[PDB]
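Taking the form deposited in one PDB entry, here's one chain by itself in structure tokens.
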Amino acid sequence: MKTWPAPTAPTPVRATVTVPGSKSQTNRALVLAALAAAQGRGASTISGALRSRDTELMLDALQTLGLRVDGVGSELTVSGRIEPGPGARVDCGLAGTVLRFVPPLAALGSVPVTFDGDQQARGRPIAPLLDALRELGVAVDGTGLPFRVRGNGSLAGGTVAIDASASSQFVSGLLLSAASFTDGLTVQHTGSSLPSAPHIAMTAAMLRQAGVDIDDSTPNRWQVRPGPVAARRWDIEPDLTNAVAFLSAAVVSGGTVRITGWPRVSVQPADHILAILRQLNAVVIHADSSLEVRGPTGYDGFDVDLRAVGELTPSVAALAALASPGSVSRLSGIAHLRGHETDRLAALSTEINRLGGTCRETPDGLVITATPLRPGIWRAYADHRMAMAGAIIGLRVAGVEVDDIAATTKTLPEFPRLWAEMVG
């Protein structure tokens, strides 16, 4: 595979960028549309849907379960029933949302469904959710990929306790289908350290838009009452995590990037994101239904807690590597990133140090000292966000090439073109 050379920015980037739909919201919408359709409420359409490997895996997973998903562009229509064929096998790829959100959904069917995924997906956490499904009555063969969910057309629900410290998607995955369990569900996260609170809140918010009653008034506990899931039209926001890769270009070059269609009120953690950018003295404004970010002339080291927004770590690590020389930055709260697409703390450490940088993995994150960097091959680990972090570095370091920019197809198949258009 040819490498992809990351274009440099010898002068401030200036651009208006449109990023496609949110992966997290798209895949929640597809699951909820499938439940409504499986419940006999009719077809649903998702407008502005992300088309990427993770959402194609999700819609193929629903089709494996018997549903129909139509649409060649960003408008997807879900219909039909859960009625899996003999030997049904969901391919999870490297999509945690498919791996975690579809096995509950599938216990509603009356035929078992096998789950498999990429070799690299088999190293990602999944066993706690399968134990929880077993506690709720579902027969599950296997404690890791490949595993089979042997449903008998129904799932009684009830109360269940789970350690979800390794992934909020263990909670989201159970919450999304719980309205179709006979008794609904009460889910209790045991212990502490629950990452990605905004993605669980995302789940709860979209469940309420589908008419589902969910009580999240007590931390670490969620009660969902049994009831209908409405068929409705979903409007998908731009992916704000992907937007940060482009906004970072403004930050490191002292330029100006605008993102179109930014929601002033979002189901995504927009407030965390904008606060972080302002930590680096970026000027952030909302204008013309767009978000504008103007980078500072330079920035020093920063400390940032990424527990609630860990998927920002690759881009934020790149920003830290590009701070003024001798700056020290501390990224914390992200032990769980050892279980992501790749171990992102080891990978970021490895690739930054290869460019001559200074990145030290810590038990919950990274400490990065900004030092002059040099050309190299920034290696993707099949991880869309590692790939875009390489692009960010390359803005300020000539001679940086990403081995596998096509890794970006996970959530942004058009990255290479959009990025070229931005940097110009």
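A residue's number is simply how far along the shown sequence it sits, counting from 1.
One more form of this protein should be noted, the form deposited in another entry, which is absent from this view; the next part is about it.
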property: Motion between this form and the one not shown between rigid parts - which of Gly21, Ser167, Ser349, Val257 is the hinge; result: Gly21
property: Cα separation of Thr143 and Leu345 in the other entry versus here, shift of 3 Å or more; result: farther
property: Change in CA distance between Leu345 and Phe170 in the other entry, which is 3 Å or more, as closer or farther; result: farther
